[PDB]
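Next comes just one chain, in structure tokens: the form deposited in one PDB entry.
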């Protein structure tokens, strides 16, 4: 039995020992320590060699991405890409540390737009009327000028032209994940999550890709250049197959909604994820999927019964960079060369 004890600053500021002390500090600090242990267990599993029998069963996807002993799904809500967690996610993707991304439409487009123009710090309480009068859009305590989206429109419209031509003359059947790969290739910028995702053959799923500025642009585009089709059915096969043919899976989910359920539902197709860490601020009392505890997912088979899932009830803008510092970033050498 482990005793409660906080970090003793009479020892000075030993930042690694201070982070390790979250485990015995209690409440959500203890859940953070548990989440570090779970993520490190996913990484240790991922780095374990595939046996010949395992290699066979998991080679049954024709994905150009080499298979590992643990397929890690990373999900995050759109606002976390508006935040500086965009940099944290880009790092993991750049170094092949996760295998599948799931995000909503804002989580795609704002990564691309940040390569064209920055997002600024503001405050939650700024009044919408005066903001609108000055052409400034608010995302929490962040601020995106209208001109950011104009730049986006000028960048994106020629690409949508090529996509429709390739659809109509080369037989391409677009889906959200294929479009996201193409946009990451086009942005051609190492600061972009989606640039690294397509470079590293990491598929990105986003079934409601029309729900944001990218949809605005497709909509306007469709009046000049009609007929672009985005099929979500093929993308459902594609994400589900990533789970079905995995040796092991881990889920790391920041926030709730479509991103959380879509990853969990893919893992239900294999009778459950082996490891699961949730960081989100939602609560269960309203019945929502977003606020459901991991144990709700156990009843469905989204998480295996012998898994030890962890939820940290906190804003991921605080927790996720600390989690990455104590896990993936310490095993970085294993992910390179």
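Positions refer to the first chain, counted from 1. Take the two forms, find the largest set of C-alpha atoms that superpose within 1.5 Å, and that set is the rigid core.
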Inset, instruction - Determine, among the other compared PDB entries that model residues flanking residue 312, whether at least a third leave it unmodelled. - result: no
Legend entry - Missing-residue flag, residue 182, threshold a third of other entries: no
Legend entry - Mean temperature factor over C-alpha atoms, higher-scoring stretch between 72-80 and 227-235: 227-235
Legend entry - Mean C-alpha temperature factor, higher of 50-58 and 287-295: 50-58
Legend entry - Options 263, 202, 160, 193 - largest CA temperature factor per the record: 160
Inset, instruction - In terms of CA temperature factor as recorded, identify the highest of 104, 249, 167, 96. - result: 167
Inset, instruction - Tell me, lowest, middle or highest third: where does the Cα B factor of residue 34 rank within its chain? - result: lowest
Legend entry - Among modelled residues of the same chain, the CA temperature factor third for residue 63: highest
Legend entry - Relative C-alpha B-factor of residue 42, binned into the chain's lowest, middle or highest third: middle
Legend entry - residue 118 by Cα B-factor - lowest, middle or highest third of the modelled chain: middle
Legend entry - CA B-factor ranking of residue 182, expressed as a third of its chain: middle
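We do not show the form deposited in another entry, though everything after this point is about it.
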Legend entry - Residue among 221, 261, 185, 95 whose Cα moves 2 Å or more between this form and the one not shown, once the rigid core is superposed: 261
Legend entry - Threshold 2 Å Cα movement between this form and the one not shown for residue 308, core superposed: yes
Inset, instruction - Work out whether the Cα atoms of residue 262 and residue 238 come closer together or move farther apart in the other form than they are in this form, the change being 3 angstroms or more. - result: farther
Legend entry - Residue pair residue 109, residue 267 - Cα distance in the other form, closer or farther (3 Å or more): farther
